[PDB]
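Below sits a lone chain in structure tokens, taken as the form deposited in one PDB entry.
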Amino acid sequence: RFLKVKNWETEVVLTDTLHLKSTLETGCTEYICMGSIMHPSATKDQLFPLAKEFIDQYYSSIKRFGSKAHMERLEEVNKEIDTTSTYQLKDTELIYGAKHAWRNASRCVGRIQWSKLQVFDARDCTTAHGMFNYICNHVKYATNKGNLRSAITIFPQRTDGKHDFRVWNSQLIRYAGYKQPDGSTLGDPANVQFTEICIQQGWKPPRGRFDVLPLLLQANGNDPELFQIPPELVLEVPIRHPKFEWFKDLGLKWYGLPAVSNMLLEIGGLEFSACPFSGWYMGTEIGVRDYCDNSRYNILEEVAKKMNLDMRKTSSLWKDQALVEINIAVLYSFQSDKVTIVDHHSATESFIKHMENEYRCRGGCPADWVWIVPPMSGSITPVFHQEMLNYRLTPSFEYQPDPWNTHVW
């Protein structure tokens, strides 16, 4: 059936037909909704239907459905799955599939940009040194001296599961975190375990508060190897405040490039277990989550101190006051250093415009309200009031197990 979504602020109603194409499960049933669950729970036989469906939508996207080129490709893919148990995507199909995995990512508020994505084909890579080279080229290209450009680098697909290419880092650029003897934590507390794995593999930690972690890269199922990204490639922004001159004395900085490297890219039934992709930051990712999550840098206390706020009762809203000032400083700093960043008001505005575009030309837009609404000031952004339907379209980005739980050394 046709489903309607209403915006309760503007009363705009949209009609979704695109959900009729979905396949993968959401995790919900008619009796239980799992919309706030973060992770809800091949062979020649399963592979050809998936390949067929993807080729079908590719040749439908370039308006040659049923053409001779379409027919030949379908035959070509069938023979190749027969004789090799897999198949290789054409360049054009790889690019189309990577763009549509982004387009279909229901949890991404930045998808108005989906068709502007630089795709780096790294399927000829065979070693961790080669992965390192490809990743350095990605970082330099995407950083572009602060004028960030979206990019993805795609390493060889999975074959038997025993020869997986993996980036062990969850993101290409992250700060280390160290367990202190006295119990507390220096650096980024989320990364304490991964930092420990790097140390155990030979990394010499500077034991500072903003130590860029090395890359830990696994090619063809072999043991992973360490590499230091050249520092001139890692763009950083010292965080200061436009009115509070003491804010710079907090000593805070962050990196310019957000680059997810632990997800799996699925295209036509093929699985690309190493596909680092990067864009640019929304300010709240750093200012709310990275800095103010209790289990992260957790700086609200210190900032509220320097603002001299009354911190004895929660109803003074001292946490909310310090949170806003921190996020002002983040946006001010990136902007002053001409490093691409988007605030949550502008980003959610763009996303509403994007939904409008997608309903018009595509018949829908899968969207996960739980992830789309920003982690602060929710209802004064327009996505808060926008009903969204969430469903799974392929090509897709998926979660996968952490490599240190599966790898045999």
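Definition used throughout: the rigid core is the maximal C-alpha set that superposes within 1.5 Å between two forms. Residues that one form lacks are left out of the comparison. In this text, residue numbers run from 1 along the sequence as written.
Unshown form deposited in another entry; subsequent notes refer to it.
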### Query
Taking the rigid core as reference, which of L270, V237, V77, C292 is displaced at the C-alpha by at least 2 Å between the shown form and the other one?
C292
### Task
Classify the change in Cα distance between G251 and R289 in the other entry as closer or farther, relative to the shown form (magnitude of 3 Å or more).
closer
### Residue pair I239, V288 - Cα distance in the other entry, closer or farther (3 Å or more)
closer
### Query
After a core superposition, which runs of 3 or more consecutive residues shift by at least 2 Å in C-alpha position between the shown form and the other one?
287-298
